[PDB]
Amino acid sequence: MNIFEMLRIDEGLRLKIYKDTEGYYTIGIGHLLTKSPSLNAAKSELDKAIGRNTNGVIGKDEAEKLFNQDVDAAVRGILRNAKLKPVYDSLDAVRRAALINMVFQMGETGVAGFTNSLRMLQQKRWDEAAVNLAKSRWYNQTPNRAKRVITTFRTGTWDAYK
Ligand SMILES: [Cl-]
Ligand SMILES: [Cl-]
């Protein structure tokens with residue numbers, strides 16, 4: 001198991017514009033297109049992102065390409081973030097994947113806001129951090145995905161994904 005396969009399980013793959021759990025226009029592997037309600041503003045972003053007139057539909061290769069960019073951007077945002085970097089540096093390889101997963105889903109800003117959990121992760125207090133992470137809209141809104149990520153943090157293994 002690796003970050004890519006982990007996120008692929010969590011986000012799925014859709015080759016036509018769809019709406020995410022929050023109601024936003026998305027495509028491929030969890031690639032947010034716009035928060036705007038307009039399907040046309042979504043097709044426009046889509047075409048800008050792909051470099052061709054897509055008519056709302058892409059191929060597998062195109063989806064995977066967006067996904068590669070997105071993981072890369074997630075990692076780089078963590079490394080540039082003053083709150084996130086120290087956490088990431090302190091963690092083992094599996095737990096690093098779990099932090100990347102949160103950032104891919106909620107953005108650097110959102111994760112950076114989990115102040116207390118971040119401090120517990122840094123201190124390696126696994127069980128306590130798992131408890132604190134659960135008291136979030138995040139866990140309340142996407143409980144099955146949140147539990148998987150949380151278990152990854154608590155245990156340090158890929159169990160929840162096997
Ligand atoms: Cl893009
Ligand atoms: Cl879920």
# chains A, B, ... in the order shown; residues from 1 in each chain; ligands from 1
$ closest_atom_pairs --of "chain A" --to "ligand 2" --cutoff "8 Å" --atoms "only C-alpha atoms and all ligand atoms" --output "Markdown table"
| residue | atom | partner | partner_atom_place_in_ligand_line | distance |
| --- | --- | --- | --- | --- |
| A:141 | CA | ligand 2 | 1 (Cl) | 7.1 |
| A:142 | CA | ligand 2 | 1 (Cl) | 3.5 |
| A:143 | CA | ligand 2 | 1 (Cl) | 4.6 |
| A:144 | CA | ligand 2 | 1 (Cl) | 3.9 |
| A:145 | CA | ligand 2 | 1 (Cl) | 4.2 |
| A:146 | CA | ligand 2 | 1 (Cl) | 6.6 |
$ closest_atom_pairs --of "chain A" --to "ligand 1" --cutoff "8 Å" --atoms "only C-alpha atoms and all ligand atoms" --output "Markdown table"
| residue | atom | partner | partner_atom_place_in_ligand_line | distance |
| --- | --- | --- | --- | --- |
| A:48 | CA | ligand 1 | 1 (Cl) | 7.7 |
| A:49 | CA | ligand 1 | 1 (Cl) | 4.7 |
| A:50 | CA | ligand 1 | 1 (Cl) | 7.8 |
| A:66 | CA | ligand 1 | 1 (Cl) | 6.9 |
| A:69 | CA | ligand 1 | 1 (Cl) | 7.7 |
| A:70 | CA | ligand 1 | 1 (Cl) | 8.0 |
$ write_last_selection --atoms "C-alpha atoms" --output "PDB file, in the first residue's frame"
ATOM      1  CA  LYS A  48      -8.641  24.809 -18.477  1.00  0.00           C
ATOM      2  CA  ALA A  49      -7.255  21.962 -16.327  1.00  0.00           C
ATOM      3  CA  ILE A  50      -6.956  19.471 -19.237  1.00  0.00           C
ATOM      4  CA  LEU A  66      -4.663  15.323 -12.461  1.00  0.00           C
ATOM      5  CA  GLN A  69      -0.403  16.783  -9.793  1.00  0.00           C
ATOM      6  CA  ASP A  70      -2.688  16.815  -6.854  1.00  0.00           C
TER       7      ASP A  70
END
$ select_by_dssp --residues "region 11-152 of chain A" --states "alpha helix (DSSP H)" --output "ChimeraX atom specification"
/A:11,39-50,60-80,85-90,93-112,115-122,126-134,137-141,143-152
$ closest_residue --among "A:75, A:1, A:58, A:91" --to "residue 125 (chain A)" --atoms "only C-alpha atoms"
A:91
